[PDB]
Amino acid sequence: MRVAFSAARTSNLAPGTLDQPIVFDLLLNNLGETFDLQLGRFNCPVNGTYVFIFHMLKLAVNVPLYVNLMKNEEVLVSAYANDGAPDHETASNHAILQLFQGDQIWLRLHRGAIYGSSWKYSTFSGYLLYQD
């Protein structure tokens, strides 16, 4: 197939509660129309091997940033960022995994808050490497 998305935050995301989905407000790309910006979720259209990458810039405040890459309800990989000045800092990670159709991939803001601007520091992408 052909599946690829790239989303960014152009405004701050500061959730009321812990463990909320990171939703996005700008698509850089949505080849295959698999990503929903308003839920921040990737909906796997076909069984195959997929790559995901994300970079999240934290607010310059004295709260650490914890981000999980989620597969449905499971933690796949996580990222951490914190600076005590306080300064902005970047939580990043990646994953390559076999998915089944209907699987949902998303970013969970476990703790902290994420910076957004037109310069788009905070990003989330994925694509299909191998079908099957």
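From 1 onward, residues are counted along the sequence shown.
Taking only CA atoms, the mean B-factor in the PDB entry is higher for 11-19 than for the other of 119-127 and 11-19. Higher mean CA temperature factor between 26-34 and 73-81: 26-34, per the PDB entry. Highest C-alpha temperature factor among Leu97, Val67, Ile105, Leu39, as the PDB entry reports it: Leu39.
In this PDB entry, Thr49 carries a Cα temperature factor that places it within the middle third of its chain's modelled residues. The deposited CA B-factor of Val63 belongs to the highest third of values across its chain.
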